[PDB]
Amino acid sequence: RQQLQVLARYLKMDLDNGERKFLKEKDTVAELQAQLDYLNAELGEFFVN
Amino acid sequence: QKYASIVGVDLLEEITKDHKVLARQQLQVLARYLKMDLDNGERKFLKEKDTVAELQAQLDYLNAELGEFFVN
Amino acid sequence: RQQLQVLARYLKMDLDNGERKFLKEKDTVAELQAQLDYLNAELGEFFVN
């Protein structure tokens, strides 16, 4: 694990960049679901379908 | 310049690479040994960017139906 | 073993080149023994000795 970490550092290679980008998208999903769950609360499932 | 206009005359870094290739290959075998997917992050992310696309399409439709005035 | 393999690749160093060259010679031996075993079959061991 420690040897991997120094090779990653040498190659200028962020191993978390993936999980970062992902956590940031999971927030925009949460946000858009909140907008859409609201319109369902206002208009009703019958009207939206 | 009148004459010329009439007649038509006129008046290194393939070593730094080869090392970084070695380092990359060594990293890859350590990753394999530790049972450690380096793309698992970007996978999970591409899959979420699809669910965003999908929910934006649902929401862009309700705006097309009801209008921006009504939704706001 | 895997680490050795990437160092070998980097140094442009065939680890089998030895056993190749050898298998190829063991064939030329087989071939020359077949020529010599034939002359013994024709002339006889008494005549060849």
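With ideal geometry, Cβ positions are generated from the backbone for all residues, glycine too; neighbour counts draw on all protein chains shown. Each value in this text was obtained by applying a stated rule to the coordinates, not by laboratory testing.
Compute the projected area of the convex hull of the Cα atoms of chain B, averaged over all viewing directions, and report it in nm² to one decimal place.
Across all orientations, chain B yields a mean hull projection of 17.3 nm².
Order of C:21-27, B:27-33 by packing, highest average Cβ count within 10 Å first?
Per-residue mean Cβ counts within 10 Å order the peptides as B:27-33, C:21-27.
Could you list, in their original order, any pairs among A:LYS12/B:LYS49; A:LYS21/B:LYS20; B:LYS17/C:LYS12; A:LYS24/B:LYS20; A:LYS24/B:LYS17 whose Cα atoms are separated by more than 27 Å?
Beyond 27 Å: A:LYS24/B:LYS20; A:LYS24/B:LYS17.
Averaged across B:20-29, how many Cβ atoms of other chains sit within 10 Å of each residue's Cβ atom? Kindly include the intermediate steps, with their values, before the conclusion.
Working: counts 3, 3, 6, 7, 5, 8, 10, 10, 4, 6.
For peptide B:20-29, the averaged partner shielding equals 6.
Going by average Cβ neighbours within 10 Å, how do the peptides C:9-17, B:1-9, B:40-48 rank, with the highest at the top?
Top of the packing list down: B:40-48, C:9-17, B:1-9.
On the first, second and third principal axes, largest extent first, how far apart are the outermost C-alpha atoms of the protein assembly as shown in Å?
Per principal axis, max minus min of the Cα coordinates gives 115, 79, 39 Å.
Between the range A:20-35 and the range B:5-37, how far is it from one alpha carbon centroid to the other, in angstrom?
A separation of 36 Å, based on Cα centres.
Along the charge dipole of the protein assembly as shown, which of B:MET36, B:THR51, A:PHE47 sits closest to the positive end, that is, farthest toward it, with unit charges on the beta carbon of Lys, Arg, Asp and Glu (+1, +1, -1, -1)?
Result: B:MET36.
Each label point is 7 Å from the Cα along the Cα-to-Cβ direction; what then is the distance between the points at B:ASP10 and B:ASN40, in nm?
6.3 nm
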